[PDB]
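Protein chains in written order, with this note's numbering: chain E, 96 to 195; chain H, 14 to 63; chain V, -3 to 157; chain G, 188 to 475; chain F, 35 to 133; chain X, 4 to 101.
Beta carbons: idealized from backbone N, C-alpha and C, even for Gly.
To start, the structure under review is shown below, and the notes come after it.
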DNA sequence: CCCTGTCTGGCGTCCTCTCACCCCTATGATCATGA
DNA sequence: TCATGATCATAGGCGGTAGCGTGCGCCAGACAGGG
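Right, dumping it as structure tokens:
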């Protein structure tokens, strides 16, 4: 992937980090059935106000080395290609070719 | 010889000494030897015995 | 015959201050309580805060000092100079009642303190009194590759075994 | 190794901190249950190193293929005991302290640096007078030494912007507020203009000191110790007399006295000094 | 009683670690429970090995996390305290838990 | 009395003094002057670096003597490092340039 | 400021050999015996 | 069972309600006294 994409993501991550408490509180308010209607409306409008990159559902998991969006794995934080390279080169602990 | 080794300056001249400084003799002799060898004016001295 | 701060000695006020408070003599020192687990036992003693600093009222000339020397209360005057300096009594005059700094009991622990927790074999590591609950026993505040347990130790032990 | 010169100079407190591997804080030397030393007194292990070679105090590393890693229990880098001959520690003095070699060597370098006789400097450094710093737009000068009644006068009439201190803090403020360029220019102009033989000899000695002090890289406030070094523990050895006791060397006694007096002064500055009281203890520390 | 959960990728290494802890226990205290083998976690992964496109071309890796449950029935003064200074070989996550 | 290689003192790594302590004779100051007065330069260098003070120098010397190679690796006196630590333990900053 | 007295800092051989000496006193705590 | 007395072990810097110091000598350079 490009440098720019990586930068965008980093930004998005930063924003998620920043606004977590507020966004979660707002979600809770909106959910809370034992609450005023006007308050709920205020909450949903307030959610709208916050930045979009603040959402965690915006950020895409990439390879931590290449930034490749597809073929990702969570345990390793790497795309399939780089993961395989890692297995071969010995740098992933415990990982070896499996047969059964 | 090792007694009368210091010296005192009278005219500092074109070097970087003082009027009442007590610098060692071979230092001021090489200093005005390298001043006087070119087209300059050296630094003159006077000896004291320690 | 007045208030004067003197570097003195300790703990035996009432005799040199028998010489003194035989008169209307005045004496003072800063104050502090001490909770100190001396030897397996918490002890509480509100003793003077300072070392030998102490305010005594007496009169210099007619009563010469070498006669009175044979007693405590005598390291020497507050001087800042050759002469025995006339001291202010700031506490007596404008600063009567104090020590709201704390009762820290200088360097002796309160609950939650971070110091040595075990000696003998397992010590070589400042494990922690997450609570000096009661000086008795528990299983250490130890931390390896599991849960952080708290003290492993008996009465005189959890601190300096 | 290879070298062609031995340079000598004054030592900044950052230099004494950068020599030092730790800080001595307590005056105990040995445990005398075993002879394993007390942390972290004069003889230490986590300041100065292990007593035995590759023999960690806690003991966990003793392999030929396991060298370089430090200990975690006692935190003692399993190395050699020769390093207890070269590691130094430092003491953080609670109040600054005048070095004696620049105060009473006859001539006094602090003396004919400040243009001030030695008796006034001794009466300021031992907490029995007052010297003036930052005199302000008042009747008082800069290098004017005072007494108790005169400081009462100057704090009644001028308890505002006037200032004056005493002890080594006052000498440190005098030496730090010294401007060397102005003193060089003023002494050169005076010896151009005054021309009296007593003043000639005295001021040419003072301008020799100032040119030798400006041309080098020293600073005047480094002559007042803030941080004091300790000698490494092999060079001040604690000999046994084969009788269960240690007739100690004189150095450990001296360092033990300084650390006792300094810890008591830290505790007395902690729990507040009784007004005109935080002075006797600093006099005792200066004299130790 | 002290349950101890050893986890590692290498089984020989974990075995070595189990042994060593057992020795540590046995000298100081008494009645070590024993080194019980729990099930191993075989976390498998499939990946495409081609850079661009060959879907049937694949490699299947796995990580075998091995578990060893060691238990100490009587915690004494000396025994529990031994372990602090007795760190184990690396790549072996231990997990002690008293009670 | 005679001494090839015995015990060494603790604070300054020089041999001990006396006979009951198995010690070596003091090569004093006037003998240093008397070897400056000749042109003996290597004799004085081993007389106050190899034979006396420098510990790595004297172990190299002992290996070289029992192998037949008469040669000294000089090094530095360790007591000069003690002088550096005692002057350095004041407010004085002594160093070694270059 | 120009002497002239006082003051306090420096310094005072080398090498070796032998011997002694290198806290005791006071206070507090614990144990045992007697009432 | 409780209280008192005796014995043993462990713990710090003139000792005292002052005064101890007193039998080297020269030189030298700064600090200050007198005029």
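Give me the subset of the region 77 to 103 of chain F whose CB atoms are less than 8 angstroms from a CB atom of chain E, sorted by chain position.
77, 78, 79, 81, 82, 83, 85, 93, 94, 95, 96, 97, 98, 99
For residue 254 (chain G) and residue 248 (chain G), what's the separation of their Cα atoms in angstroms?
On the fourth chain, residue 254 (chain G) is found 67 positions in, with the first residue counted as 1. On the fourth chain, residue 248 (chain G) is found 61 positions in, with the first residue counted as 1. Between residue 254 (chain G) and residue 248 (chain G), the C-alpha separation is close to 8 angstroms.
Interface residues of the region 380 to 413 of chain G facing chain H [CB-CB below 7 angstroms]:
391
As assigned by DSSP and simplified to three states, the class of residue 406 (chain G)
In the fourth chain, residue 406 (chain G) corresponds to position 219, counting from 1. Three-state DSSP puts residue 406 (chain G) in coil, outside helix and strand.
What do you reckon, is the C-beta of residue 113 (chain V) under 7 angstroms from a heavy atom of the ligand ADP?
Summarising the ligand content, the structure contains no ligands, and the ligand ADP is consequently not present.
Rounded straight-line distance, which links the Cα of residue 266 (chain G) to that of residue 222 (chain G):
Taking the fourth chain and counting its residues from 1, the one referred to as residue 222 (chain G) is at position 35. Taking the fourth chain and counting its residues from 1, the one referred to as residue 266 (chain G) is at position 79. Near 20 angstroms, if we compare the C-alpha coordinates of residue 266 (chain G) and residue 222 (chain G).
Cutoff 8 angstroms: residue 33 (chain H) Cβ touching any chain G Cβ
The residue you call residue 33 (chain H) lines up with position 20 of the second chain. Yes, its Cβ sits closer than 8 angstroms to a Cβ of chain G.
Show which residues of chain X have a CB atom less than 9 angstroms away from the CB atom of residue 419 (chain G).
As a working note, residue 419 (chain G) is residue 232 in the fourth chain. Near residue 419 (chain G) (Cβ distances below 9 angstroms), the residues of chain X are 88, 92.
Test: residue 377 (chain G) CB closer than 8 angstroms to a CB of chain V
Position 190 of the fourth chain, counted from the start, is the residue given in the question as residue 377 (chain G). Residue 377 (chain G) does not count as touching chain V.
Where residue 79 (chain V) and residue 295 (chain G) are concerned, what is the direct C-alpha to C-alpha distance, given to the nearest angstrom?
By one-based count along the third chain, residue 79 (chain V) stands at place 83. By one-based count along the fourth chain, residue 295 (chain G) stands at place 108. Computed Cα separation, rounded: 26 angstroms.
Does residue 117 (chain V) come within less than 8 angstroms of chain F when only Cβ atoms are used?
Taking the third chain and counting its residues from 1, the one referred to as residue 117 (chain V) is at position 121. Chain F, which has a Cβ nearer than 8 angstroms to the Cβ of residue 117 (chain V), makes this yes.
Report yes or no: do the region 94 to 108 of chain F and the region 104 to 117 of chain V share at least 3 C-beta pairs separated by less than 8 angstroms?
no
Partners in chain G for residue 28 (chain V), counting only beta-carbon separations shorter than 9 angstroms:
Start at 1 with the first residue of the third chain, and residue 28 (chain V) comes out as number 32. What residue 28 (chain V) touches in chain G: 458.
For residue 97 (chain F), the residue or residues it bridges with in DSSP
For this step, residue 97 (chain F) is matched to residue 63 along the fifth chain. Residue 97 (chain F) is bridged to E:190, F:77.
Under a Cβ-count criterion, where at least 16 other Cβ atoms within 10 Å of its own Cβ denotes burial, should residue 477 (chain G) be classed as buried or exposed?
Only positions 188 to 475 of chain G appear in this structure, which leaves residue 477 (chain G) out of reach.
Please confirm if the region 356 to 364 of chain G is in contact with the region 278 to 287 of chain G, defined as three or more CB-CB distances below 8 angstroms between the two stretches.
yes
Can you tell me whether DSSP reads residue 239 (chain G) as helix, strand or coil?
Here residue 239 (chain G) is taken as the residue at index 52 of the fourth chain, counted from 1. Correct three-state label for residue 239 (chain G): strand.
Of the residues that make up the region 138 to 156 of chain V, which ones have a beta carbon closer than 7 angstroms to any beta carbon in chain F?
138, 140, 141, 142, 143, 145, 148
Given that residue 99 (chain X) touches chain G, what residues does it touch there, using C-beta distances under 7 angstroms?
The residue given as residue 99 (chain X) occupies position 96 in the sixth chain. Within chain G, the residues near residue 99 (chain X) are 190, 193.
What in chain V is Cβ-close to residue 316 (chain G), meaning under 8 angstroms?
By 1-based counting over the fourth chain, the position of residue 316 (chain G) is 129. Under the 8 angstroms cutoff, chain V gives 76, 77.
What first and last residue would you give for the beta strand (DSSP E) that runs through residue 448 (chain G)?
Residue 448 (chain G) sits at position 261 when you count from the first residue of the fourth chain. Per DSSP, residue 448 (chain G) belongs to no beta strand (DSSP E); it is in the alpha helix (DSSP H), 437 to 457.
Can you check which of these residues, V:27, V:54, V:135, V:4, is closest to residue 131 (chain F) by C-alpha distance?
In the fifth chain, residue 131 (chain F) corresponds to position 97, counting from 1. Comparing Cα-Cα distances from residue 131 (chain F) to each of V:27, V:54, V:135, V:4, the minimum goes to V:135.
Just how far apart, CA to CA, sit residue 439 (chain G) and residue 423 (chain G)?
As a working note, residue 439 (chain G) is residue 252 in the fourth chain. As a working note, residue 423 (chain G) is residue 236 in the fourth chain. Cα to Cα, the separation comes out at about 7 angstroms.
Using DSSP's beta-bridge definition, name the partner residues of residue 35 (chain H).
Position 22 of the second chain, counted from the first residue, corresponds to residue 35 (chain H). DSSP output for residue 35 (chain H) lists H:21 as bridge partner(s).
Between which two residues does the alpha helix (DSSP H) carrying residue 83 (chain X) extend?
Sequence index remark: in the sixth chain, residue 83 (chain X) carries index 80 (1-based). Start and end: 81 to 91.
Proximity to residue 237 (chain G) [Cα-Cα], best of G:263, G:257, G:456, G:252
Within the fourth chain, residue 237 (chain G) is the residue found at index 50, counting from 1. When each option's Cα is compared against that of residue 237 (chain G), the closest is G:263.
Cα-Cα, which of H:28, H:60, H:35, H:38 is closest to residue 53 (chain H)?
Walking along the second chain from the start, residue 53 (chain H) turns up at place 40. Nearest C-alpha to residue 53 (chain H): H:28.
Using only the alpha-carbon positions, how far apart do residue 446 (chain G) and residue 277 (chain G) sit?
Locating residue 446 (chain G) in the fourth chain gives position 259, where the first residue counts as 1. Locating residue 277 (chain G) in the fourth chain gives position 90, where the first residue counts as 1. Each residue's alpha carbon lies about 11 angstroms from the other.
Can you list, in chain order, the residues of its chain with a C-beta nearer than 6 angstroms to that of residue 67 (chain X)? Leave out the 5 residues immediately preceding and following it.
Within the sixth chain, residue 67 (chain X) is the residue found at index 64, counting from 1. Cβ neighbours of residue 67 (chain X) beyond the five flanking positions: 74.
Leaving out the 5 sequence neighbours to the left and right, which residues in its chain are closer than 6 angstroms to residue 67 (chain V) when beta-carbon positions are compared?
Position 71 of the third chain holds residue 67 (chain V). Within the same chain, residue 67 (chain V) has close Cβ partners 12.
Which whole runs of the alpha helix (DSSP H) in the region 309 to 346 of chain G are 4 residues long or more, in chain order?
335 to 344
Give the DSSP-derived three-state secondary structure of residue 65 (chain X) in the structure shown.
Counted from its first residue, the sixth chain places residue 65 (chain X) at position 62. It is helical.
Around the Cβ of residue 20 (chain X), are there at least 16 other Cβ atoms within 10 angstroms (buried) or fewer (exposed)?
Locating residue 20 (chain X) in the sixth chain gives position 17, where the first residue counts as 1. By the 10 Å Cβ count, residue 20 (chain X) comes out exposed.
When burial is assigned at 16 or more other CB atoms within 10 Å of the CB, is residue 45 (chain H) buried or exposed?
On the second chain, position 32 is the one that residue 45 (chain H) refers to. With 16 or more Cβ atoms within 10 Å of its Cβ, residue 45 (chain H) is classed as buried.
Going along the chain, which unbroken runs of the beta strand (DSSP E) with 3 or more residues stay wholly within the region 269 to 298 of chain G?
275 to 285
Quick check: the region 75 to 94 of chain V against the region 113 to 127 of chain V, are there 3 or more CB pairs under 8 angstroms?
no
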